[PDB]
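A single chain, nothing else alongside it, follows as structure tokens in the form deposited in one PDB entry.
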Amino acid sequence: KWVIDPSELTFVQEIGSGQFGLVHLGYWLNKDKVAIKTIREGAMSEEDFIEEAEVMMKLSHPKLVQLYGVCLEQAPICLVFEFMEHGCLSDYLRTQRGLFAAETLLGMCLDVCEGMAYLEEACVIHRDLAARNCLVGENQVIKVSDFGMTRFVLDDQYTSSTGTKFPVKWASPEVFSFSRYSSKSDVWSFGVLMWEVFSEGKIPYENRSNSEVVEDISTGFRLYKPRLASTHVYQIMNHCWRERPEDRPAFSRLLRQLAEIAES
């Protein structure tokens, strides 16, 4: 089942402090080494989350971080994930800047695109795909995490398109205008993620306010080609940033296109 009893978990070492609380390296009884995320009370709609657990726990892919279960006996609840030794992709790119071969950066995009094609096939919309949400594991494999989690986030400043903390930098126009989420709006976010990877972790639209990003995108501005991205890779990024969702490629199409470039 998705319920993990407190007696089936041991907390070993604090590894960090996330949005909802602390992250620990620990062990899960008779199973494996895990990452345990403690969720502050009031951060999430726990009842809505728990309700979807039996169905959503079944999602599994080598390029998705597995969320094994929830320890909910007492508050604050804990989420139990597969352990990702090298942490988040955004920090990994920034710390290893200047040491990446262009083929490795393309490979990182392919790992994310593969996990996203699995979600697209399963009709699961991420809603906030970014390098900060991707994790780096054994042999520098990239896996997507936190897909669909903004549906449970109780801070309206992050979830509402007009919210002060709304992740506008990764939002397609129909998302930033109407919260019209789809795999095609995840494709737009994926294009921004490809730019974060090829820029070795630079912040997209670093020089702009949320309203300025909205005004720039609406008038045709697009993120500049990173030095490490080839013109062919940049062409794929721009396809992700087409104004109409219908004109953007599906992740299934992007995966075939990016693989052809990687294996050529």
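Note that residue numbering begins at 1 and tracks the sequence as displayed.
Although it is not shown, the form solved in complex with a small molecule is what the next lines describe.
Engineer: I have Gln13, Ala35 and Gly87 flagged as a candidate spot, so tell me whether each of them has a non-hydrogen atom within 4.5 Å of the small molecule in the entry with it bound.
Structural biologist: Looking in the entry with it bound, the three residues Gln13, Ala35 and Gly87 all sit within 4.5 Å of the small molecule (heavy atoms).
Engineer: So which of 107-115, 76-84, 181-189, 167-175 is the stretch with heavy atoms within 4.5 Å of the small molecule in the entry with it bound?
Structural biologist: Within 4.5 Å of the partner lies stretch 76-84.
Engineer: With the partner left out here, check for me: in the entry with it bound, does some heavy atom of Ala250 sit within 4.5 Å of the small molecule?
Structural biologist: Although the small molecule is absent here, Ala250 would stay clear of it in the entry with it bound, with no heavy atoms inside 4.5 Å.
Engineer: Please check if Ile217 has a heavy atom lying within 4.5 Å of any heavy atom of the small molecule in the entry with it bound.
Structural biologist: No, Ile217 stays farther than 4.5 Å from the small molecule in the entry with it bound.
Engineer: According to a 4.5 angstroms non-hydrogen atom cut-off, is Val65 in contact with the small molecule in the entry with it bound?
Structural biologist: Flag for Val65 set to yes.
Engineer: Using the partner position in the entry with it bound, report whether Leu255 sits within 4.5 Å of the small molecule, counting heavy atoms only.
Structural biologist: No.
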